[PDB]
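Okay, so here's the structure we're looking at.
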Amino acid sequence: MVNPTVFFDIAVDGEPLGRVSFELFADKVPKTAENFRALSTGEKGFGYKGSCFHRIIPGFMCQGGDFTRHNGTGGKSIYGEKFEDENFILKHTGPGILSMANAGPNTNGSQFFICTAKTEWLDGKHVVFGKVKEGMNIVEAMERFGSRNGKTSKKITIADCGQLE
Ligand SMILES: O=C1NS(=O)(=O)c2ccccc21
Ligand SMILES: O=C1NS(=O)(=O)c2ccccc21
Ligand SMILES: O=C1NS(=O)(=O)c2ccccc21
Ligand SMILES: O=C1NS(=O)(=O)c2ccccc21
Ligand SMILES: O=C1NS(=O)(=O)c2ccccc21
């Protein structure tokens, strides 16, 4: 089947910035892709809409998905529990790679990061499950609001999100 595409409409201190869309590699990592797809549509009753990118490190990555504690300490999968690292088939090859944050082997929840460079040292530790398809320039615009320690200088939020045809 055809891989799902999801979009995030990003806002900066509540002003619209632009749209970033992702291919999710359901053909390689179906469980991981389905988690992110469902959280992006809100079909389980919760997920990414209204949440923020809480950690952004320019030249490295923009990190989000903590819709429970808003700071890197929370998140929730669609599965009732944190889930396995499905496989490490896909690697951190460059800008645009969408990968799972975690707290150790087999502890995937809802946090993820969009790489803005090649991050090969994360291979085998974080599960890659998608890639920016359109709006990488918007990820680049976002990255500028990050800082050395990851704290953001403006509030970067997913104003809306869902699945495209
Ligand atoms: O691809 C899948 N990985 S899974 O075990 O979570 C699962 C459950 C049900 C249907 C499909 C799939
Ligand atoms: O239908 C599904 N129920 S499930 O969420 O466990 C799942 C996981 C992956 C792909 C499809 C499906
Ligand atoms: O909407 C929700 N229903 S839920 O209690 O499972 C939940 C848990 C955490 C964040 C949001 C939500
Ligand atoms: O070491 C890490 N733990 S984490 O999942 O928050 C994370 C996200 C991005 C890059 C590195 C790391
Ligand atoms: O320049 C780009 N335009 S894009 O949105 O297709 C994209 C995706 C991934 C890496 C780079 C780029």
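The way I read the labels, and the way they are meant: chains A, B, ... in the order of the structure tokens, residue 1 as the first residue of every chain, and ligand 1 as the first ligand shown, with later ones counted on from there.
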Could you give me, as a ChimeraX atom specification, every polymer residue with an atom at most 6 Å away from an atom of ligand 3, counting only C-alpha atoms and all ligand atoms?
-> /A:45-46,68
Those residues with N, CA, C and O atoms, as a short mmCIF file (atom, residue, chain, number, x, y, z; two decimals), in the first residue's frame please?
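Ended up saving to part28.cif:
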data_model
loop_
_atom_site.label_atom_id
_atom_site.label_comp_id
_atom_site.auth_asym_id
_atom_site.auth_seq_id
_atom_site.Cartn_x
_atom_site.Cartn_y
_atom_site.Cartn_z
N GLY A 45 -8.47 10.43 20.01
CA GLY A 45 -8.87 11.46 21.00
C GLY A 45 -7.76 12.34 21.57
O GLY A 45 -8.03 13.23 22.34
N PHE A 46 -6.52 12.10 21.17
CA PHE A 46 -5.38 12.88 21.66
C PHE A 46 -4.28 12.80 20.59
O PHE A 46 -4.40 12.06 19.61
N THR A 68 1.97 15.73 26.60
CA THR A 68 1.43 15.53 27.94
C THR A 68 2.03 16.43 29.00
O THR A 68 1.30 16.89 29.86
#
Using DSSP on the backbone coordinates, identify all residues within stretch 9-159 of chain A classified as alpha helix (DSSP H); present the result as a PDB file with N, CA and C atoms, in the first residue's frame.
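Contents of result-v2.pdb, as written:
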ATOM      1  N   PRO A  30       5.740  -0.302  10.049  1.00  0.00           N
ATOM      2  CA  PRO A  30       4.292  -0.072  10.184  1.00  0.00           C
ATOM      3  C   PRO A  30       3.800   0.319  11.571  1.00  0.00           C
ATOM      4  N   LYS A  31       4.328  -0.262  12.634  1.00  0.00           N
ATOM      5  CA  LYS A  31       3.847   0.112  13.927  1.00  0.00           C
ATOM      6  C   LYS A  31       4.206   1.545  14.318  1.00  0.00           C
ATOM      7  N   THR A  32       5.412   1.942  13.966  1.00  0.00           N
ATOM      8  CA  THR A  32       5.911   3.249  14.313  1.00  0.00           C
ATOM      9  C   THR A  32       5.222   4.300  13.435  1.00  0.00           C
ATOM     10  N   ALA A  33       5.079   3.991  12.152  1.00  0.00           N
ATOM     11  CA  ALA A  33       4.450   4.941  11.239  1.00  0.00           C
ATOM     12  C   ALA A  33       2.983   5.143  11.678  1.00  0.00           C
ATOM     13  N   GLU A  34       2.330   4.069  12.094  1.00  0.00           N
ATOM     14  CA  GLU A  34       0.882   4.154  12.481  1.00  0.00           C
ATOM     15  C   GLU A  34       0.667   4.964  13.739  1.00  0.00           C
ATOM     16  N   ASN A  35       1.582   4.828  14.687  1.00  0.00           N
ATOM     17  CA  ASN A  35       1.549   5.667  15.894  1.00  0.00           C
ATOM     18  C   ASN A  35       1.558   7.183  15.522  1.00  0.00           C
ATOM     19  N   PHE A  36       2.522   7.554  14.697  1.00  0.00           N
ATOM     20  CA  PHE A  36       2.702   8.938  14.352  1.00  0.00           C
ATOM     21  C   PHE A  36       1.564   9.439  13.470  1.00  0.00           C
ATOM     22  N   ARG A  37       1.060   8.573  12.593  1.00  0.00           N
ATOM     23  CA  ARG A  37      -0.027   8.939  11.712  1.00  0.00           C
ATOM     24  C   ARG A  37      -1.279   9.218  12.558  1.00  0.00           C
ATOM     25  N   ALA A  38      -1.578   8.304  13.483  1.00  0.00           N
ATOM     26  CA  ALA A  38      -2.782   8.442  14.325  1.00  0.00           C
ATOM     27  C   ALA A  38      -2.673   9.634  15.256  1.00  0.00           C
ATOM     28  N   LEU A  39      -1.492   9.865  15.845  1.00  0.00           N
ATOM     29  CA  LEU A  39      -1.331  11.041  16.719  1.00  0.00           C
ATOM     30  C   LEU A  39      -1.495  12.315  15.928  1.00  0.00           C
ATOM     31  N   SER A  40      -1.188  12.276  14.617  1.00  0.00           N
ATOM     32  CA  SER A  40      -1.241  13.504  13.792  1.00  0.00           C
ATOM     33  C   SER A  40      -2.684  13.787  13.405  1.00  0.00           C
ATOM     34  N   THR A  41      -3.524  12.757  13.342  1.00  0.00           N
ATOM     35  CA  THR A  41      -4.935  13.007  12.988  1.00  0.00           C
ATOM     36  C   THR A  41      -5.791  13.270  14.207  1.00  0.00           C
ATOM     37  N   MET A 136      10.670  21.547   3.977  1.00  0.00           N
ATOM     38  CA  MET A 136      11.940  21.541   4.692  1.00  0.00           C
ATOM     39  C   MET A 136      12.394  22.979   4.984  1.00  0.00           C
ATOM     40  N   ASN A 137      12.082  23.907   4.070  1.00  0.00           N
ATOM     41  CA  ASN A 137      12.414  25.310   4.367  1.00  0.00           C
ATOM     42  C   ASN A 137      11.725  25.844   5.625  1.00  0.00           C
ATOM     43  N   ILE A 138      10.543  25.298   5.929  1.00  0.00           N
ATOM     44  CA  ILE A 138       9.825  25.695   7.154  1.00  0.00           C
ATOM     45  C   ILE A 138      10.516  25.078   8.370  1.00  0.00           C
ATOM     46  N   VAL A 139      11.028  23.852   8.257  1.00  0.00           N
ATOM     47  CA  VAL A 139      11.840  23.267   9.345  1.00  0.00           C
ATOM     48  C   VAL A 139      13.082  24.144   9.576  1.00  0.00           C
ATOM     49  N   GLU A 140      13.707  24.608   8.488  1.00  0.00           N
ATOM     50  CA  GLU A 140      14.866  25.501   8.590  1.00  0.00           C
ATOM     51  C   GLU A 140      14.503  26.845   9.276  1.00  0.00           C
ATOM     52  N   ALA A 141      13.301  27.348   8.993  1.00  0.00           N
ATOM     53  CA  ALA A 141      12.828  28.591   9.622  1.00  0.00           C
ATOM     54  C   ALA A 141      12.669  28.333  11.160  1.00  0.00           C
ATOM     55  N   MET A 142      12.004  27.229  11.505  1.00  0.00           N
ATOM     56  CA  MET A 142      11.876  26.788  12.911  1.00  0.00           C
ATOM     57  C   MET A 142      13.199  26.674  13.650  1.00  0.00           C
ATOM     58  N   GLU A 143      14.194  26.100  12.987  1.00  0.00           N
ATOM     59  CA  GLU A 143      15.469  25.750  13.622  1.00  0.00           C
ATOM     60  C   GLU A 143      16.090  27.011  14.183  1.00  0.00           C
TER      61      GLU A 143
END
Ligand 1: which residues are within 12 Å, counting only C-alpha atoms and all ligand atoms, as a ChimeraX atom specification?
-> /A:25-35,77-80,83-87
Name the closest residue to ligand 2 among the candidates A:81, A:66, A:23, A:13; distances are taken between atoms, counting only C-alpha atoms and all ligand atoms.
->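 Of the candidates, the smallest distance to ligand 2 is held by A:81.
With only C-alpha atoms and all ligand atoms as the basis for measurement, A:72 is the residue among A:130, A:65, A:72, A:109 that approaches ligand 4 most closely.
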Counting only C-alpha atoms and all ligand atoms, what residues are within 9 Å of ligand 4, given as JSON, numbers by chain?
-> {"A": [55, 60, 61, 62, 63, 64, 72, 99, 100, 101, 102, 103, 104, 108, 111, 112, 113, 114, 115, 119, 122, 125, 126]}
Now that the selection is made, can you save its residues with C-alpha atoms as a PDB file, in the first residue's frame?
ATOM      1  CA  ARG A  55      13.809  21.339  22.155  1.00  0.00           C
ATOM      2  CA  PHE A  60      21.085  19.230  14.744  1.00  0.00           C
ATOM      3  CA  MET A  61      17.361  18.684  15.108  1.00  0.00           C
ATOM      4  CA  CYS A  62      13.927  20.038  16.138  1.00  0.00           C
ATOM      5  CA  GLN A  63      12.268  17.847  18.845  1.00  0.00           C
ATOM      6  CA  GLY A  64       8.542  17.561  19.644  1.00  0.00           C
ATOM      7  CA  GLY A  72      10.515  16.394  27.057  1.00  0.00           C
ATOM      8  CA  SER A  99      12.965   9.662  13.972  1.00  0.00           C
ATOM      9  CA  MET A 100      11.669   8.525  17.437  1.00  0.00           C
ATOM     10  CA  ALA A 101      12.935   9.999  20.674  1.00  0.00           C
ATOM     11  CA  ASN A 102      13.089   7.547  23.503  1.00  0.00           C
ATOM     12  CA  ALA A 103      14.338   6.784  27.023  1.00  0.00           C
ATOM     13  CA  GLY A 104      16.350   3.656  26.256  1.00  0.00           C
ATOM     14  CA  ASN A 108       8.897   4.634  22.212  1.00  0.00           C
ATOM     15  CA  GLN A 111       8.219  12.143  21.052  1.00  0.00           C
ATOM     16  CA  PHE A 112      10.103  12.496  17.757  1.00  0.00           C
ATOM     17  CA  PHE A 113      12.664  14.652  16.115  1.00  0.00           C
ATOM     18  CA  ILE A 114      13.223  16.045  12.608  1.00  0.00           C
ATOM     19  CA  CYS A 115      16.917  16.013  11.799  1.00  0.00           C
ATOM     20  CA  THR A 119      23.096  12.255  12.539  1.00  0.00           C
ATOM     21  CA  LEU A 122      21.871   7.856  16.392  1.00  0.00           C
ATOM     22  CA  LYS A 125      19.424   3.811  18.886  1.00  0.00           C
ATOM     23  CA  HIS A 126      16.418   5.724  17.449  1.00  0.00           C
TER      24      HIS A 126
END
Quick one: of A:82, A:91, A:69, A:49, who's nearest to residue A:10, counting only C-alpha atoms?
-> A:49
Quick one: pull the distance between atom CA of residue A:150 and atom CA of residue A:54, Å, one decimal.
-> 7.7 Å
Determine the nearest neighbour of residue A:8 from the options A:59, A:71, A:43, A:53, counting only C-alpha atoms.
->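 Smallest distance to residue A:8 is found for A:53.
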Of the candidates A:117, A:127, A:2, A:158, which shows the shortest atom-to-atom distance to ligand 5, using only C-alpha atoms and all ligand atoms?
->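 Using only C-alpha atoms and all ligand atoms, the shortest distance to ligand 5 belongs to A:117.
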Could the residues that lie within 8 Å of ligand 5, counting only C-alpha atoms and all ligand atoms, be listed as number ranges by chain?
-> A: 20-21, 94-97, 131-137
Deliver the residues from the most recent selection as a file, using N, CA and C atoms, as a tab-separated table (two decimals), in the first residue's frame.
chain	number	residue	atom	x	y	z
A	20	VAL	N	4.67	21.83	7.00
A	20	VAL	CA	5.69	20.80	6.78
A	20	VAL	C	4.91	19.50	6.58
A	21	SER	N	5.22	18.76	5.50
A	21	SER	CA	4.58	17.47	5.28
A	21	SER	C	5.64	16.37	5.26
A	94	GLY	N	20.46	12.35	6.66
A	94	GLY	CA	20.50	13.80	6.36
A	94	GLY	C	19.35	14.59	6.95
A	95	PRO	N	19.25	15.87	6.58
A	95	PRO	CA	18.16	16.76	6.86
A	95	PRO	C	16.85	16.17	6.42
A	96	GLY	N	15.82	16.42	7.21
A	96	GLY	CA	14.48	15.88	6.88
A	96	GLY	C	14.06	14.55	7.51
A	97	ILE	N	15.04	13.76	7.95
A	97	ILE	CA	14.75	12.45	8.60
A	97	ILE	C	13.90	12.66	9.85
A	131	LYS	N	10.18	10.92	6.59
A	131	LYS	CA	11.02	11.99	6.11
A	131	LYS	C	10.19	13.14	5.58
A	132	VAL	N	10.70	14.37	5.77
A	132	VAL	CA	10.04	15.56	5.23
A	132	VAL	C	9.95	15.36	3.73
A	133	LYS	N	8.76	15.63	3.22
A	133	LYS	CA	8.46	15.57	1.78
A	133	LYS	C	8.37	16.98	1.19
A	134	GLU	N	7.84	17.92	1.97
A	134	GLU	CA	7.66	19.31	1.52
A	134	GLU	C	7.75	20.22	2.77
A	135	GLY	N	8.27	21.44	2.62
A	135	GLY	CA	8.37	22.36	3.71
A	135	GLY	C	9.64	22.20	4.55
A	136	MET	N	10.67	21.55	3.98
A	136	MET	CA	11.94	21.54	4.69
A	136	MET	C	12.39	22.98	4.98
A	137	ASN	N	12.08	23.91	4.07
A	137	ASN	CA	12.41	25.31	4.37
A	137	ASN	C	11.73	25.84	5.62
What is the distance between atom CA of residue A:47 and atom CA of residue A:163, in Å to one decimal?
-> 12.8 Å
Quick one: DSSP strand (DSSP E) residues in chain A, as a ChimeraX atom specification?
-> /A:5-12,15-24,55-57,61-64,97-100,112-115,128-134,156-164
Would you export the selected residues with C-alpha atoms as a PDB file, in the first residue's frame, please?
ATOM      1  CA  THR A   5       1.541  11.545   4.230  1.00  0.00           C
ATOM      2  CA  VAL A   6       0.871  13.812   7.232  1.00  0.00           C
ATOM      3  CA  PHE A   7       1.111  17.593   7.585  1.00  0.00           C
ATOM      4  CA  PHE A   8       1.937  19.955  10.417  1.00  0.00           C
ATOM      5  CA  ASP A   9       0.947  23.607  10.205  1.00  0.00           C
ATOM      6  CA  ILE A  10       3.509  25.364  12.391  1.00  0.00           C
ATOM      7  CA  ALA A  11       3.009  28.657  14.227  1.00  0.00           C
ATOM      8  CA  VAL A  12       5.515  30.883  15.969  1.00  0.00           C
ATOM      9  CA  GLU A  15       1.399  33.445  14.128  1.00  0.00           C
ATOM     10  CA  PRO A  16       1.311  31.014  11.182  1.00  0.00           C
ATOM     11  CA  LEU A  17       4.744  30.104   9.834  1.00  0.00           C
ATOM     12  CA  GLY A  18       4.113  27.436   7.217  1.00  0.00           C
ATOM     13  CA  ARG A  19       3.327  23.795   6.492  1.00  0.00           C
ATOM     14  CA  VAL A  20       5.689  20.801   6.778  1.00  0.00           C
ATOM     15  CA  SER A  21       4.577  17.469   5.283  1.00  0.00           C
ATOM     16  CA  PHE A  22       6.049  13.994   5.898  1.00  0.00           C
ATOM     17  CA  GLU A  23       6.094  10.637   4.162  1.00  0.00           C
ATOM     18  CA  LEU A  24       5.717   7.931   6.859  1.00  0.00           C
ATOM     19  CA  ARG A  55      13.809  21.339  22.155  1.00  0.00           C
ATOM     20  CA  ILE A  56      15.490  22.808  19.054  1.00  0.00           C
ATOM     21  CA  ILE A  57      19.238  22.712  18.491  1.00  0.00           C
ATOM     22  CA  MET A  61      17.361  18.684  15.108  1.00  0.00           C
ATOM     23  CA  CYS A  62      13.927  20.038  16.138  1.00  0.00           C
ATOM     24  CA  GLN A  63      12.268  17.847  18.845  1.00  0.00           C
ATOM     25  CA  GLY A  64       8.542  17.561  19.644  1.00  0.00           C
ATOM     26  CA  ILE A  97      14.753  12.452   8.598  1.00  0.00           C
ATOM     27  CA  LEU A  98      11.928  11.858  11.028  1.00  0.00           C
ATOM     28  CA  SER A  99      12.965   9.662  13.972  1.00  0.00           C
ATOM     29  CA  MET A 100      11.669   8.525  17.437  1.00  0.00           C
ATOM     30  CA  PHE A 112      10.103  12.496  17.757  1.00  0.00           C
ATOM     31  CA  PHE A 113      12.664  14.652  16.115  1.00  0.00           C
ATOM     32  CA  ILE A 114      13.223  16.045  12.608  1.00  0.00           C
ATOM     33  CA  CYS A 115      16.917  16.013  11.799  1.00  0.00           C
ATOM     34  CA  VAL A 128      13.747   6.296  11.688  1.00  0.00           C
ATOM     35  CA  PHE A 129      10.180   6.144  10.320  1.00  0.00           C
ATOM     36  CA  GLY A 130       9.667   9.028   7.956  1.00  0.00           C
ATOM     37  CA  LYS A 131      11.023  11.986   6.106  1.00  0.00           C
ATOM     38  CA  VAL A 132      10.036  15.559   5.230  1.00  0.00           C
ATOM     39  CA  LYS A 133       8.465  15.571   1.784  1.00  0.00           C
ATOM     40  CA  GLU A 134       7.664  19.310   1.523  1.00  0.00           C
ATOM     41  CA  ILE A 156       6.898  26.901  18.192  1.00  0.00           C
ATOM     42  CA  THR A 157       3.591  25.045  17.982  1.00  0.00           C
ATOM     43  CA  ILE A 158       1.740  22.552  15.828  1.00  0.00           C
ATOM     44  CA  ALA A 159      -1.311  24.801  15.227  1.00  0.00           C
ATOM     45  CA  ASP A 160      -2.992  22.046  13.171  1.00  0.00           C
ATOM     46  CA  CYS A 161      -2.045  18.630  11.787  1.00  0.00           C
ATOM     47  CA  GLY A 162      -3.550  15.649  10.035  1.00  0.00           C
ATOM     48  CA  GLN A 163      -3.318  13.285   7.090  1.00  0.00           C
ATOM     49  CA  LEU A 164      -3.191  14.248   3.409  1.00  0.00           C
TER      50      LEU A 164
END
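Note that the spacing between atom CA of residue A:67 and atom CA of residue A:110 amounts to 8.1 Å.
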